[PDB]
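> I would like to see how this sequence folds:
(5 chains, ligands or ions: 8)
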Amino acid sequence: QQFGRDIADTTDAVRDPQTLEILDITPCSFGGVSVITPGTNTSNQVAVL
Amino acid sequence: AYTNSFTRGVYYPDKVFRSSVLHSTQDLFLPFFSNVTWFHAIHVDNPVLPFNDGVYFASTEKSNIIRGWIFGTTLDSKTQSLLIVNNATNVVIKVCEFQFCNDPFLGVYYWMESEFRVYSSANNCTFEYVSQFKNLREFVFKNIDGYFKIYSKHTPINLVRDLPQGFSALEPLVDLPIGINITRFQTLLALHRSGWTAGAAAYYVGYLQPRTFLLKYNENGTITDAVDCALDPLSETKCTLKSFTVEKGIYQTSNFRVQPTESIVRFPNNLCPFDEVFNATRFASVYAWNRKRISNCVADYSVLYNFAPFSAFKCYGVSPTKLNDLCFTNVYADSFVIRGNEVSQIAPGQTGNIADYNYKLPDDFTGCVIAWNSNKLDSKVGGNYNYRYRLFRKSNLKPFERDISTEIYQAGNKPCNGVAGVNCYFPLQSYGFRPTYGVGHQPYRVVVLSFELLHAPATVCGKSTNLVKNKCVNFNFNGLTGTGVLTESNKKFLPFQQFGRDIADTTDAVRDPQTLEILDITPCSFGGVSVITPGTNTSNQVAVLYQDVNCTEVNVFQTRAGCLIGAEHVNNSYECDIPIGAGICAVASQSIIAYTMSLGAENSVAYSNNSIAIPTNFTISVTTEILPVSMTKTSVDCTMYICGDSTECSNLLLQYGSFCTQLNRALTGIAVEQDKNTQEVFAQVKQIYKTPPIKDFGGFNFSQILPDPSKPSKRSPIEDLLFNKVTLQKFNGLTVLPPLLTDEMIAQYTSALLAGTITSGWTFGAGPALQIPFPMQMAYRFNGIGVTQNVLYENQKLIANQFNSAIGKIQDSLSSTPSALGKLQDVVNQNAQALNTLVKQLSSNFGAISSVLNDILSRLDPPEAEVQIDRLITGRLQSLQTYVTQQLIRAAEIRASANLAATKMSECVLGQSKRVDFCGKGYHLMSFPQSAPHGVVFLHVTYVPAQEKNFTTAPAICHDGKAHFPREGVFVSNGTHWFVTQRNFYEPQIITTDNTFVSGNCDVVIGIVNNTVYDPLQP
Amino acid sequence: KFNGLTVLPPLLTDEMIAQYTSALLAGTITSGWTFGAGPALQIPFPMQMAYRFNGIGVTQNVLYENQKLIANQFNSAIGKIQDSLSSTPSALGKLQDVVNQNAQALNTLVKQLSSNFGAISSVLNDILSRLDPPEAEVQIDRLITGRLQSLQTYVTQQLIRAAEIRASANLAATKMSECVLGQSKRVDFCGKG
Amino acid sequence: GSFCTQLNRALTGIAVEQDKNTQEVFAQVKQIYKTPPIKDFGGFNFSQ
Amino acid sequence: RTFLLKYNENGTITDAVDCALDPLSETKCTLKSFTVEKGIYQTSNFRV
Ligand SMILES: *[C@@H]1O[C@H](CO)[C@@H](O)[C@H](O)[C@H]1NC(C)=O
Ligand SMILES: *[C@@H]1O[C@H](CO)[C@@H](O)[C@H](O)[C@H]1NC(C)=O
Ligand SMILES: *[C@@H]1O[C@H](CO)[C@@H](O)[C@H](O)[C@H]1NC(C)=O
Ligand SMILES: *[C@@H]1O[C@H](CO)[C@@H](O)[C@H](O)[C@H]1NC(C)=O
Ligand SMILES: *[C@@H]1O[C@H](CO)[C@@H](O)[C@H](O)[C@H]1NC(C)=O
Ligand SMILES: *[C@@H]1O[C@H](CO)[C@@H](O)[C@H](O)[C@H]1NC(C)=O
Ligand SMILES: *[C@@H]1O[C@H](CO)[C@@H](O)[C@H](O)[C@H]1NC(C)=O
Ligand SMILES: *[C@@H]1O[C@H](CO)[C@@H](O)[C@H](O)[C@H]1NC(C)=O
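Numbers count the residues shown, from 1 in each chain, chains lettered A, B, ... in the order given. Ligands and ions are numbered 1, 2, ... in the order given. I have put the structure below:
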């Protein structure tokens, strides 16, 4: 085997050349950015989730 | 001979590693249980077999008689050949031109290898490679795109002969870029010296075929099992469901349609008058060449080669055959006589006496010229002076010009006054043909065909097949091309109508040429094929249903649903277990039986005008109602999902408008709606009610529904079992927002509702929770269902025992019956399947050169790559829009279910509902809510009559002339005395004035009996 | 059903649905609501109607004193039901409407095959025959995009109509359980009055 | 891809849903009840 | 002109509607029926 696939059609692991070892490939972190705000009247101070 | 392949010939399709997943791929595979040609090396044998797509080679031996294989096209020194050999040192793969012997082999001597008789010469040697019963060798040899692949497997097995019944996946062991075609295969054997006597071994050859295989990978990645989709309907069903084990049910796997057996072409049943032209008795002189216009006719230009005799013809446009396909508005036939040596002038681009002054073709002529010697007809002894040709003219003729003037040609400056004389010449000369002239000077008749194509219908053109009836055929009626069965028709077509059209533009009928009969075109029989199976776990027996197919196309049974085979039709009816359609359902007696469904057991009630049935006894039944409340709060990112980490696709996506904002907002709306649904169904209590530490509920036991402190999640055994029964990942652009309410918090809400209903009855729903003893609350509920509270108090122990027994049984039923939580599992499965399909659609090309965006961006320049990237962008946008629409509809269904669950919690748990069957079958007593993943389970406790007794009944009692009617309940007569009892329980009481009211007299009420109404005041 | 379409027969036939309806009618006229609750208890129909009168807050005696008048009114109303159904066009429109909508959806879907969607011709065979591979594939793709969009629109509209029919069927099942299998005290759920 | 497979799956789902709708609406009786042979219903007529 | 032709069982055109003759004919053409039921029907769009 040269590279591994998940249950879905995505690559989960690869056999790294130059060392013949197994490297797990994780989709690097991403996410939505939400803003906690009490309202412009209440405060301009906000938090970022 | 031929042996059974069993389940062998499966190899790893690629170097891709898969763990615990089923993968379906279409490659060259050896079909399961196929006939494999097996040969014995010993003769009391290595024939040359073809290679075709691939070869599966099996070897059962102990002395290694099979040492090698030979592949090639001619298997000789003439062409390059592939040779794999094992000379007891290493496996040698040589692509060279070898001259193999008629029986090439490796002669082993007394043991040591001594003779190598596989080849005599090596030529060109384009490729060379060296690699370093009780046993089984399995090999798969394939040649694709110039790469030759060898898959190998060693399996020690003890068997007398034939392949073992064991599944082994063949790991690829050699992959070589050979580059040459392989059409023939020959094995190499090790000849044992005694004169040769080969060892006793079996070598098996199985040809690979294009097959679709579903392979089951394990956690290690080994292929532990496989399914051949084309082997049988059950395996095709396993392939369709993408699962090795299928549950009982109907499954549509593929479609059966009958292909047309043969093609019929129908064309109308007058010939162009070419006989009148070529075989005319007289021909014109060339100076007065004749022109015949041909039109409105069909001509056979194939036989131009024989339109006349001893002809000589040449076409300057396309071949005479192609003239037969072609059509033209007009054809012109020019004809005349000239000398043989002048025929060469009747060609484009020629000059000469004839071309210049008699008959002139254009430089761009595309027609045909035909000429034949006419000496016998046009020459005469003494001279034929009829034929003339112009010798003088002041200018050349323009193409197709004709000049028949006979003015005296004035060659000098003196006038000719209309008479021939010196330098004044008559312009025509006769050929004076005589039979004794040389062939160059003999007469030739000439026909020139020119083909005009102007702006008008082509009325001059250049097959008819026998009609077949009631057979699926591809028909061509005067250019109408279609497929279907042609049958007799009763439609009276008007004479001008050629084909009949049914509503919505369908070709229903056509009138045939040469017969004028109207034939109805019924579309060829097509229908899905459904598979009746009791489930692979129960049995591998399978029935097949062809939908909407008559039983005339390949036990059988014809139903309105179609033709069903493999199940026996049985007259007697049973309850349906598998649906087929048309009122027919189908496993019994170790076979599949098809029967008409029985709607119910017949039960006629013994109605009588004076008879009643009163329940002398009752039972408490607990039923689960499982309702989904929410779906996984999935969220997609349109920009990332459609255009992956590339600016180029992002710029183009921005040209499509606010589609990605609309889709994202729609998914956000469904996620917020899911949170609102869960909050609405569970958070119906202003306060969190806590059950008392002492479970003194008058004998009622709630241990199965009250939360268990020992468990590390405050969940009751029933909801813990529900969580354990239902069983459920990071993608690109796809995330799952967690629910606003945690499972622990939802369970706490359910526990609070359960404590509130247990302690305060329905009062906590109305307002402040007012404590009331559970037996007294049960008495109020019994009064609510029309049963006097004394009935519960007299039977409190019996009711508590029944309630505990039912509560135990319901947890047993939930733990023992699968698909009880199937409604909750279905929504989770549907969400997961939609997500899986959406991720799978990323690998769809949608007409692009490649599915992956990086490849199409890297290999193509942006001016051309933009259209391919646009095809992918539009395809992914359409796919995401479809997924969002499916999710929106599914969320609407989930919201309706959640609204129903909220209403049921408000009316069945927070209160006692008099709505029939709204909170479970029977008179509703109460309901207990239980949390479940994305759902709520309602345990409806209901009162059901158990023992029924007949009683003679009177609407009223006649006492002293007055009619008495029961204030509550009905009058009953056990046969000696009359009594008054509640309708839902048999508790007879003496007729008194306090339980009966007097109305009117006895001469108005119909069907009343006389009795004594005991007045309590009288004694 | 001539253009790749199919109409699967209903699992319950006309006669079997009629048999279910007949069983429900017999249960109501012989046991009142007791058959819906559980075992069918034989009940005199005048007495069952008397208790149904008691259920709406009218004493049982009023029915017995007026049994003949109630029976005459009930028979007259039942007779008027046939006249109302047979003499009012569009009375069955609520069912004919869905039947027509499904028929119209199928008719438009098969009429969309006659559409070109910008291709040189609607017919696939002639354009495949008269066009070379690298432009015929573009025309075929354009037709496939148009036909798939038509099929998806039809499928989505059918799904929405199926959701509407699912809601109507849920209401019908609830009405069968509350009005037919029992007596409903929620006003206007089972008719005015 | 499986666009038409999704469409066919959805249509199969709606067909099964129609079957379920009819079964839920009409099959609300465990056993088929038969009307008594004599119509002695106290003057009420159910022949229609 | 656009004409709605009524072909009988014989295929003979027994009646026709001129879709532009009058608003009633426009309604008949829009409904694709020779008889229109009582009600309001949208036939075309008026633009200046
Ligand atoms: C903000 O809060 C104040 C007081 O709580 C209220 O009057 C006002 O309507 C709110 N909204 C805005 C936009 O000021
Ligand atoms: C067609 O020609 C055949 C003989 O060639 C004749 O039998 C048949 O009647 C003709 N059909 C017509 C003229 O419709
Ligand atoms: C097969 O069904 C039987 C009962 O019919 C059950 O006991 C068994 O666990 C089932 N096995 C599987 C693998 O589903
Ligand atoms: C189906 O086939 C049977 C047997 O050949 C025949 O009797 C029957 O009429 C056929 N039905 C149709 C609709 O063709
Ligand atoms: C009523 O039925 C229950 C359960 O079948 C039984 O235990 C009880 O003894 C019965 N009571 C009478 C009075 O028949
Ligand atoms: C309720 O039933 C459970 C069954 O395990 C038992 O352990 C428990 O003691 C019972 N509770 C009462 C109050 O009897
Ligand atoms: C009927 O009831 C009376 C009074 O309770 C009783 O004496 C008699 O034995 C009962 N008869 C039968 C047949 O049950
Ligand atoms: C019931 O019908 C019978 C005839 O079968 C009659 O004799 C009796 O008086 C009737 N009783 C009532 C209560 O209507």
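> measure the residue nearest the centre of chain A to chain D for me?
Nearest residue to the geometric centre of chain A (C-alpha atoms, centre = their mean): residue A:29, 2.5 Å. Separation of residue A:29 from chain D (C-beta to the nearest C-beta, to the nearest Å) stands at 29 Å. C-beta here means a position set from N, CA and C on the backbone, and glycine is covered the same way.
> now do the contacts for the residue nearest to residue A:33 when sequence neighbours are not counted.
Among residues not flanking residue A:33 along the chain, residue A:48 sits closest, at 6.3 Å (C-beta to C-beta, 6 or more residues apart in numbering or on different chains). By C-beta atoms under 8 Å, 6 or more residues apart in numbering or on different chains, the contact set of residue A:48 is A:33-36.
> return the set of residues that bridge with residue A:48.
residue A:35 (DSSP bridges).
> what about stretch A:13-26 and chain B, any contact?
Yes - Stretch A:13-26 comes into contact with chain B (C-beta under 8 Å from any C-beta of the partner chain), by way of A:13, A:26.
> could you export that stretch as PDB, CA atoms only?
Taking C-alpha atoms only, stretch A:13-26 is exported to PDB below (Å, rounded to 0.1, in the frame of the first residue of the first chain):
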ATOM      1  CA  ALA A  13      -2.700   8.300   5.700                       C
ATOM      2  CA  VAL A  14       0.200   8.100   3.200                       C
ATOM      3  CA  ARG A  15       3.400   6.000   3.000                       C
ATOM      4  CA  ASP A  16       6.100   8.700   3.100                       C
ATOM      5  CA  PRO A  17       8.800   8.100   0.500                       C
ATOM      6  CA  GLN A  18      12.500   8.600   1.500                       C
ATOM      7  CA  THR A  19      11.800   7.000   4.900                       C
ATOM      8  CA  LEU A  20       9.100   4.300   4.100                       C
ATOM      9  CA  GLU A  21       7.000   5.300   7.100                       C
ATOM     10  CA  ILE A  22       3.300   6.000   7.600                       C
ATOM     11  CA  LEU A  23       2.100   9.600   8.000                       C
ATOM     12  CA  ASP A  24      -1.400  10.400   9.100                       C
ATOM     13  CA  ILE A  25      -2.900  13.400   7.100                       C
ATOM     14  CA  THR A  26      -5.300  15.500   9.100                       C
END
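> just to revisit the earlier point, just the contacts of residue A:48 that are near ligand 8?
Contacts with ligand 8 within these, as defined by C-beta under 6 Å from any ligand atom: none are present.
> any chance of those in CSV, with neighbour count too?
Shown next, in CSV, are the contacts of residue A:48 (neighbours: other C-beta atoms under 10 Å in any protein chain shown):
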residue, neighbour count
A:33, 6
A:34, 10
A:35, 8
A:36, 9
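> chain B: which of those is nearest?
residue A:34 (10.0 Å; C-beta to the nearest C-beta).
> tell me the secondary structure at residue A:38.
Secondary structure for residue A:38, judged by DSSP: H, G, I helix; E, B strand; the rest coil, is coil.
> what about it, how many neighbours?
11 (other C-beta atoms under 10 Å in any protein chain shown).
> again with residue A:25
For residue A:25, the count of nearby residues is 13 (other C-beta under 10 Å).
> give me every residue that touches it.
A:11-14.
> okay, the residues you listed in TSV with distance to ligand 8 and neighbour count next?
As requested, the contacts of residue A:25 are exported to TSV (distance: C-beta to the nearest ligand atom, whole Å; neighbours: other C-beta atoms under 10 Å in any protein chain shown):
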residue	distance to ligand 8	neighbour count
A:11	84	12
A:12	81	18
A:13	85	17
A:14	89	16
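> ok, which pair from the residues you listed is furthest apart?
A:12 and A:14 (8.8 Å; C-beta to C-beta).
> what residues does the longest strand anywhere in chain A touch?
For chain A, the longest strand by residue count, based on DSSP state E, is strand A:11-16. By C-beta under 8 Å, 6+ apart, the residues outside strand A:11-16 that reach it are A:1-6, A:21-25, B:17.
> direction included, what does it pair against?
Checking strand A:11-16 against DSSP bridges gives partners strand A:3-5 (antiparallel), strand A:21-24 (antiparallel).
> what residue of chain A is the furthest out?
Seen from the C-alpha centroid of chain A, the residue lying at the greatest distance (C-alpha atoms, centre = their mean) is residue A:41, 35.7 Å away.
> for that residue, grab phi and psi.
Dihedral pair for residue A:41: phi -60, psi -50, per degrees, to the nearest 10.
> any idea how far ligand 5 is from it?
Distance, residue A:41 to ligand 5, by C-beta to the nearest ligand atom, to the nearest Å: 67 Å.
> and residue A:42, which of the three is it?
Under three-state DSSP, residue A:42 comes out as coil.
> what helix or strand does the residue of chain A at minimum distance from chain C sit in?
Nearest to chain C in chain A, going by C-beta to the nearest C-beta, is residue A:9, at a distance of 22.2 Å. Here residue A:9, judged by DSSP states H and E, is contained in no helix and no strand.
> got the contact list for it?
Contacts of residue A:9 by C-beta under 8 Å, 6+ apart are B:839-840, B:842-843.
> what about the closest residue to ligand 6 within chain A, neighbour count?
Going by C-beta to the nearest ligand atom, ligand 6 is nearest to residue A:7 of chain A, at 39.8 Å. For residue A:7, the count of nearby residues is 14 (other C-beta under 10 Å).
> for it, which non-adjacent residue is closest in space?
Closest residue to residue A:7 apart from its sequence neighbours, by C-beta to C-beta, 6+ apart: residue B:21 at 5.4 Å.
> burial measure for residue A:47, as a count.
Neighbours around residue A:47, by other C-beta under 10 Å: 9.
> my bad, should have said residue A:3
16.
> cool, residue A:4 as well?
By other C-beta under 10 Å, 19 other residues sit near residue A:4.
> before we move on, what about the one 4 residues further on?
By the measure other C-beta under 10 Å, the count of residues near residue A:8 is 16.
> then residue A:39?
When neighbours are counted by other C-beta under 10 Å, residue A:39 registers 7.
> what's the answer for residue A:23, then?
Residue A:23: 11 surrounding residues under other C-beta under 10 Å.
> which residues touch it?
Shown in contact with residue A:23 (C-beta under 8 Å, 6+ apart): A:13-14, A:16.
> residue A:26 belongs to a helix?
No - read with three-state DSSP, residue A:26 is coil and lies in no helix.
> residue numbers of chain A in contact with ligand 8?
Close to ligand 8, as judged by C-beta under 6 Å from any ligand atom, chain A has no residues.
> in chain A, which residue sits closest to ligand 5?
With C-beta to the nearest ligand atom as the measure, residue A:7 is the residue of chain A nearest to ligand 5, at 51.0 Å.
> which SS class is that residue?
Following three-state DSSP, the label given to residue A:7 is coil.
> and the end-to-end length of stretch A:6-21?
The stretch stretch A:6-21 measures 18 Å between its terminal residues, going by C-alpha to C-alpha, to the nearest Å.
> before we move on, the earlier item: for the residue of chain A closest to ligand 5, phi and psi?
According to degrees, to the nearest 10, residue A:7 has phi -60, psi -40.
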